[PDB]
Every structure is written in C-alpha cells, then in structure tokens.
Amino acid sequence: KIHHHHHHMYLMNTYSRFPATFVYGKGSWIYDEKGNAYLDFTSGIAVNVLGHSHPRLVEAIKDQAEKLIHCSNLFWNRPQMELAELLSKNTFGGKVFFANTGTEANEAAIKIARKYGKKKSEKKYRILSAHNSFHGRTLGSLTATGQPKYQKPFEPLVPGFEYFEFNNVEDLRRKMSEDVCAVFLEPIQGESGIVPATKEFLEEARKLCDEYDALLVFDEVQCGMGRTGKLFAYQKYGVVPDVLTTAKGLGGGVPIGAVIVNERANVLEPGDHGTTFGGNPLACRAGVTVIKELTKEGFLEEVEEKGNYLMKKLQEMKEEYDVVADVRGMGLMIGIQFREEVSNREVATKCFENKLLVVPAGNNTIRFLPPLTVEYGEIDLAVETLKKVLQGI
C-alpha cells in the first residue's frame, strides 16, 4: 500500500526521483518492495561509507538507542566527547563542533569566519567561494554555493560573497583583499561533476589565506571520511586548512555533521552558535563506529587500491567508447562525462532499468559513489552494466 505511485501526493515536489520504493539494504545492494536487488553505486549520495546497514554500525545504533538517544548540549555525553577526540586526532588536532548536516556544518564555518574577521575589522566579512561549488541549501550555505540557478528564487541572499574560477590561481589571487575573512573550497567539486583541485591551486589558496589573514575552509562533506583513500582529501593533497567541514559518510547513514578548527579559528564563545540535536549520543556513536572502522590498519590503503582498479577499468572504457568524453576523480569518488549528444540523465535512467544506481551531476556526468566496502567483483559488475547501457544508447 505505501508506495510512490500512491503516496507521492503527501510530499512536496522538491526532487526528481528514480521510480523505486526501497525497503531493505545490505552492503552494496538495495531492494525494492518486490525484492528486486539493485547494485547501489550511489551510497545514498556518498553517505553509506560502510554500505547499507553494516553489522557493526547496526549493533552500535541498537546498543546506544537502548542507553541514551538525546540529552541536549546542556550536558556532556560520552559518544560526543569520544568522536570529537577521534576527529581531532585523525585530522590536524583542533577542536570540534557538531552539527547535523553538511549545510549546517558550512553555516557554522561561515559564522566562525565572520567572527574571526570582525575581531580585526568591521569590513572583514567578505567570503570567497568557487563558481560551480556546492555548499548547501540553507541561506548562508546557499550564498556560498556558486550556482545562480539555486540562488535566484531566494534572493536577496547574504551580502559579501564573491566567486572565483576553480583551479584558476590568478582569478583567486586577484579577488583577495584584506576584507576577506574566508575562502571556501571543495578539494574535489562534487555536484559540478567531480572536478579535483590541482595541488598547485590548493597550495595557492593556503598561501593567500596566510597573506591576507583569511581562514581557509575545506568543505569535505562529499570527498571526506575515507572516500579519496585517505580519511580526508586534504591529507592526499598535503594542504592543511584552518577549518574543515564534514558530514555525509561521517555517520554511515545516521545524520551528523561536524566542523573542525585549528586554534586560530577557535573564536566562538558560549551563546554564539549551537544546535538542539547536534552532538547527540546516537549520531555520535554512529560516527565513532565509522571512524574506528575507517582507521583500522589497512582499510584506507585498500580503498585506494579499489579506487585505482575502478579508475583503470573506467579509463579503458573511456578509450573504447566514443560517447565517453572524460573520467576523473580520486579514490572511490569518480565522475564519468558523456559527449553532448548523450544525456547523463538518460544514461542514469537506463542504468536504473538495468539495476545499477548512479548519481547524475553537472557537466553531463554521472557519479560512481560506491560504498567504501564495495567488492572488486561489484566494481566489475557496475562497469559491465554501464558498458551494456552505452552499447544500446
């Protein structure tokens, strides 16, 4: 009875969805109400880092729910303290604020940057972000998101934001001034179609932020929590931000977000910012379980090997298939761009019809975002399914 053909009318029409009602999932597979199995190379849009309903995650959720779900930030709880320690120790050693989502994490970052700048000067509230970036949908994050189509209906947005071309050193440099309090960057742009930063570009952004006394903020909501083959992309690049935001895979499915700051950026005082749900024991328990799994000896090294193997197969496909214009990415975050004559959305629909789930993105791309636990055989099955789709496109 409860099915998308019957219950759609209770939901606002905010999404373009594939026509499936999913009721059960394990690992890389998800099942509709009829028991049809789908190979899930979406991971819920880069969230299901350990796949669906991973047994260790499920056991931690069950255990914690029996003990304490929510107490608020009037008090301290053990999962929140443990997760803050683990995030600090596995990054650049700073302090943590828990939010519930990526956009909320980025909003906290914006607020940190504004407070940092305002201490120096009332004029130092400008924020730079990239054209084609995606930082979230709440109004602060939406102003940072360098995509007019998402902004226009909701204007006027937050004053003081300006945009530069991703990977264009000189364009970033020429937009800097002493009035800038932060530069926001995705180390790999996601929604725009999987576009890795060059190391030179990130190194430049770091130097500029140092020269103009601005905070360098890396949005690792999509590329973070193991997906590049290191815990965070910044660790692959060797460029350390002042502020790092994370969400998506942090909870392995359970909603959570976080901001990590160095001492320079540790500017918030009691009352400046907060959240009812953020830092709750249930979500933080999930995050503890996830970070412990990802940091086990050898886990990330095997993600890197799997990323290399998937990339090799897709590069072979790119050479062979004239409709494939480009393949790019890092680790298990990979975009496949098609020639203009072929619709990315049609490719995704045909994949879906053949029981493979992929995520469309800009620049006429689909994204392969499998769970980090994805098996070599599942990688091959996904590539073969995509090839079969392209043969008939």
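Numbering starts at 1 and runs along the sequence shown.
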Is the mean CA B factor in the deposited entry higher across 162-170 or across 113-121? 113-121
Quick one: higher average CA temperature factor, 377-385 or 6-14? 6-14
Highest Cα B-factor in the PDB entry belongs to which of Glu186, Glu82, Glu104, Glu211? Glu211
If you compare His52, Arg367, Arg345, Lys67, which has the highest Cα B-factor in the entry? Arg345
Chain-relative C-alpha B factor for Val324 (record values, thirds): the highest
Would you please rank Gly249 by its C-alpha temperature factor against the other modelled residues of its chain and give the third it falls in: lowest, middle or highest? middle
Third assignment of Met311 from its chain's C-alpha B-factors: highest
Entry-reported Cα temperature factor of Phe201, expressed as the chain third it lands in: middle
What third of the chain, by the recorded C-alpha B-factor, contains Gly279? lowest
